[PDB]
4 protein chains.
Amino acid sequence: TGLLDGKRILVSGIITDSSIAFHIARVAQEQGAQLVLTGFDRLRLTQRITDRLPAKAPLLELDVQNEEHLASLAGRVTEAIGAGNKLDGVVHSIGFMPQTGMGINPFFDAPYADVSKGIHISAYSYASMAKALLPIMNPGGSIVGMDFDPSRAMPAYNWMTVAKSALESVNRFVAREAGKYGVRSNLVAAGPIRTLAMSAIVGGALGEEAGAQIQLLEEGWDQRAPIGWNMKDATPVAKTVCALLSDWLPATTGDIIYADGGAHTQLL
Amino acid sequence: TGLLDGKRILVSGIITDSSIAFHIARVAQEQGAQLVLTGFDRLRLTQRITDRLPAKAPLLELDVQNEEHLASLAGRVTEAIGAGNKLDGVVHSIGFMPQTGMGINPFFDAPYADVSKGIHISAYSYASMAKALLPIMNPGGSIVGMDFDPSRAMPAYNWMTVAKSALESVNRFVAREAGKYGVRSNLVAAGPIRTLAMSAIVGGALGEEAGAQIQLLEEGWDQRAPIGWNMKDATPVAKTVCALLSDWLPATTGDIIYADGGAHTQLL
Amino acid sequence: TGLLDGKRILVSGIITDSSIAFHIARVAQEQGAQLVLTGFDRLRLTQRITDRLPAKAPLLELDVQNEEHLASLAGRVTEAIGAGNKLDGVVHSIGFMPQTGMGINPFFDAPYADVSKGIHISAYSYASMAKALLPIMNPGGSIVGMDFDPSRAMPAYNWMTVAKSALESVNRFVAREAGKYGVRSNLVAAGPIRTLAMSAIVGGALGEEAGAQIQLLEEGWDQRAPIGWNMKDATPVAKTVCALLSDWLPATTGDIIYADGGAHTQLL
Amino acid sequence: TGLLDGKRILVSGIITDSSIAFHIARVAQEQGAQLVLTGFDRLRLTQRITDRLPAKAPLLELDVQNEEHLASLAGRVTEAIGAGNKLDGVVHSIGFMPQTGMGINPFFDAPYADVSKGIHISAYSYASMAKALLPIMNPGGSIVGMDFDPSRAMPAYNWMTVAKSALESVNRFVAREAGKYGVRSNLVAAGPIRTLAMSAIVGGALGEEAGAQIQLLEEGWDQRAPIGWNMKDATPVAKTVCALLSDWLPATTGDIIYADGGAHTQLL
Ligand SMILES: NC(=O)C1=CN([C@@H]2O[C@H](COP(=O)(O)OP(=O)(O)OC[C@H]3O[C@@H](n4cnc5c(N)ncnc54)[C@H](O)[C@@H]3O)[C@@H](O)[C@H]2O)C=CC1
Ligand SMILES: NC(=O)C1=CN([C@@H]2O[C@H](COP(=O)(O)OP(=O)(O)OC[C@H]3O[C@@H](n4cnc5c(N)ncnc54)[C@H](O)[C@@H]3O)[C@@H](O)[C@H]2O)C=CC1
Ligand SMILES: NC(=O)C1=CN([C@@H]2O[C@H](COP(=O)(O)OP(=O)(O)OC[C@H]3O[C@@H](n4cnc5c(N)ncnc54)[C@H](O)[C@@H]3O)[C@@H](O)[C@H]2O)C=CC1
Ligand SMILES: NC(=O)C1=CN([C@@H]2O[C@H](COP(=O)(O)OP(=O)(O)OC[C@H]3O[C@@H](n4cnc5c(N)ncnc54)[C@H](O)[C@@H]3O)[C@@H](O)[C@H]2O)C=CC1
């Protein structure tokens, strides 16, 4: 009806109702989009969470590390949206880093296997999602991934920040490939969102000093955001993703939109 | 009706029908916005150009270097939109650099007075427009200025690039001030647009080697843009500005949106 | 004898013994360089300060806003270093912004004349120094200016940050011109140094809230500097400038070296 | 005797005499440094290459993917430099990406195992080298890794660019850890160097179009370098690394020094 009217959009990464992807999906639906959802390891839970969406959406299984899931993904989406229909939009809202790559675990002590797994899911999967789905995307389409500005190092995020640096770089290459399809690829760099995991880390699940650091990070973020930053509100990020999913940023690709309150533009 | 429905938006910088601001204004109107226009030194011409807009819009005089124009500006806009109404949107699409600051004139030979004038109109005026208009802007409002990525030096643009670097920096401070009003401030970094002036420089008005360089710049831009770059089409930039004028990028301020085909994200 | 042995280097910007340029000059002398100094409005004071340098150095008057000073500068330097001798090194350590462009004076209230003056001295003069001196610089030479990272807005520095953004951009163009002479042009982005002016602003000369903000800026800087930041020690910055003046960064030009403790690479 | 007099420096990554690390090692020796070298899979060859160095240097085996090599590394270096002696300097000049991650092999077709291996050797190993060696580094020490600016995507370099983005990010975290030891960590972003591998790719070993693209990349680099770029001369990069290994950039860490001719600062 409005922003995304008629668009067909795959949204990955809903796991709980505080998933950023939950709000992206909600807002996209409110904006006229038709969704296909993907979920990874807790499918029954995703479905039960997604029941709360403004509209029903087919849910497909996708373990971004499973090569068969990816191989079959486009066929499954075509099944879900019907033959001869294509996606206009793909949202990657997927990220993971083993606990060793994060928080109080010393940066040097994260074993490569762990880091590799995190980079697989958090960075490489952006490309492999774009590989699976570009064949079934319309000209004018839009792939959006979720980013957390890794331009500068920060406490606790450790190897996830490295993963995000890799993602940003993947995104620029995906844009090169997507452009052949008339498709844009972009990242939304969000401010900290109080996701279940984030609340758990502030509460110390990855060590006390990590939790204290991330709490300071959050406070500093809202302080230097010229328009403030509400970490309990994923809506301004969901809207931003929708902005990129829409026809309203048609000359932007390979790029990063910062939905962070303007915090990254301010030193103090 | 759509993107900018109900919004009231001042658009500066229409001088010809190939002004970027012409397309911004056209698109904003198509998207439901109500406009107040400003024009500088050729008011009769601006009016005659703007007659072609989808809707009529009050045109106000604003010479960004005239302190009285700025002092009176908000009152004049309030007159134009009616008492008790405010602006939701301000577009700065203003830039100028004396010929000595550009093209074949050696970078070192631009006299400071010339450079100063260019920086006044091209950079400082962004702040002084925000000063004049923030008192008459609604919470949730949006100031947008036009940028040309000055991260790296380039032939011919010389002191205008310096002016743009200054603008980017002004924009981050304006965001600090705007945030007090619940207002975002952002720049759109556009790709090269074949504006009358740009066509004139490609044709050699600022020297042959400058024209040859800018023609190469343009070709290179479209080449590395993963989705291409059409310098004859200001529409993708107008849409981008509208995107920023809208409620769809609500967490972005002090920032730069690149409507350049993705060209800045690619080396070759 | 060591780093700068045999090099002839103009150093501007010594005004007190806590001038960054004082330490640059001291270190360059310790490293074998032969200096010509320039001073602006307090020549007797500069001379008396410079008497403390490890070696005597001719002092020349240069008001970067005085076109005759600039016109005569190279002849005066040639007089000072002797006919047929050239400079290997130029240090721009010059900056000024009227009080209205800074601190507690609202960013919007700085009159353009004031801002223009600040940008003249702080940014444009880098080019006009390079114009005066490149004709008398040797292949392999090095121009270095002093920068304060203006990538993000910050309290109190207001229009000086804008000035620094303009400088960074000027530096990239100066590099284009300098390269014709076989000369590098680069900026050193220093951390906050407790210069007389800086101490005065921390003490509130530009308003209490500005002083409080700059004190917080300083503390935050040392906190996120992975190797710390000592604002009372200009030596690590002087060394960095010498590094750039030397043959040891021969492939770096148009660029910015950050002598800030690594602070800019860290978010928190 | 000069720049690195008395310093003890581990240099990894010599494999042929056109290895960047060969020139780093040569220059460091010329500058007074005492070296320990490491070599990976062709030890007899490294030794035979290193015989040509100005001075003899113990060569140690280090397969950055071998956890036992890393576990033993510091003991082996202490053996080589003698008990109670420490390193002042560590050079990481290590990089690898399987052919599938590069050139004409479509970016989407690089299998994760391949990419992971490349990121292991090219990015993660920078951290794991810093882990092995920081316990045996002196305050004031310097770790330097080799970077190729991955800020923008480019043809052919594909997943190696992603690897370099990951490296840059690793470097910022390593700086955090190194600072505890009084140690700096920095990257040198070099211009293209005609290394054996690079010559082989220009000659088409990774596909014709890749070779054509990299040849264009190289030409463009020298064109926009304000001081030119000689891809056949690794010396300006070796000097830059030495600059970072020295006491002359003491306030720089977590950072990237661009030894690229200034090319990255120029658009065209
Ligand atoms: N929460 C925050 O503060 C910020 C998060 N982000 C990013 O937003 C994106 C979404 O995460 P959030 O909503 O915060 O957390 P979340 O935990 O709600 O979402 C992460 C999603 O990744 C999915 N996932 C993990 N491994 C997978 C695999 N092998 N295959 C398929 N899917 C897999 C999870 O199932 C989950 O649905 C992530 O990329 C995250 O890094 C970006 C900025 C800030
Ligand atoms: N044409 C291009 O390739 C690109 C242009 N831009 C920027 O877009 C903005 C709009 O310019 P264009 O549409 O290209 O050219 P234009 O010439 O159509 O618009 C420039 C406008 O600035 C106005 N102006 C000049 N001095 C003024 C003053 N003292 N007071 C008030 N207004 C004044 C002019 O009247 C004109 O309307 C400028 O900021 C320009 O630098 C940004 C990227 C690319
Ligand atoms: N103090 C700090 O924390 C930092 C300073 N910087 C920069 O370092 C450079 C040196 O300044 P500082 O040593 O801090 O202060 P300073 O006050 O000791 O040096 C500023 C110099 O600029 C000179 N100057 C001013 N107007 C002039 C004109 N019209 N012509 C010629 N010279 C003129 C002054 O005489 C003075 O010698 C400046 O560019 C400053 O912005 C950069 C980063 C940090
Ligand atoms: N050649 C170029 O144009 C540029 C190269 N660089 C970087 O310079 C660094 C040095 O490479 P180059 O001198 O060009 O090539 P090179 O092939 O001479 O050096 C690469 C080195 O990495 C070592 N290596 C590979 N796998 C290893 C492992 N598992 N364990 C230990 N060492 C291993 C190789 O043995 C070789 O010595 C690399 O990081 C490269 O990416 C950076 C910019 C430009």
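Each position is counted from 1, following the chain as shown.
According to its header, the structure was obtained by X-ray crystallography, 2.2 Å.
Note: Cβ is positioned from N, Cα and C throughout, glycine not excepted.
Of the listed candidates (C:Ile193, C:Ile201, C:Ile214), Swiss-Prot assigns C:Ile193 to the same NAD(+) site as C:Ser19, C:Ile20, C:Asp63, C:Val64, C:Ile94, C:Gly95, C:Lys164. Across the residues annotated as binding NAD(+) (C:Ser19, C:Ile20, C:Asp63, C:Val64, C:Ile94, C:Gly95, C:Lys164, C:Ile193), the widest Cα-Cα separation comes to 23 Å. Rounded to the nearest whole angstrom, the C-alpha distance between C:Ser19 (NAD(+) binding site) and C:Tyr157 (substrate binding site) is 18. Checking the recorded positions C:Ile20, C:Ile193, C:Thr265 against chain D with a Cβ-Cβ cut-off under 8 Å leaves C:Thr265. Each residue contributes its Cα atom, and for C:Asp63 (NAD(+) binding site) and C:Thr265 (phosphothreonine) those atoms are 35 Å apart.
Rounded to a whole number, the distance between the Cα atoms of C:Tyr157 (substrate binding site) and C:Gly95 (NAD(+) binding site) is 12 Å. Within the set of recorded positions C:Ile20, C:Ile94, C:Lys164, C:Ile193, C:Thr265, the entry lying nearest in space to C:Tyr157 (substrate binding site) is C:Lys164 (CA atoms).
The Cβ neighbour count for C:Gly95 (NAD(+) binding site), using a 10 Å radius over every protein chain in view, is 22. With a threshold of 8 Å between Cβ atoms, the recorded positions C:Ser19, C:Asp63, C:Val64, C:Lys164, C:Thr265 that neighbour chain A are C:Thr265. Compared over the recorded positions C:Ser19, C:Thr265, the count of CB atoms lying within 10 A of a residue's CB peaks at C:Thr265.
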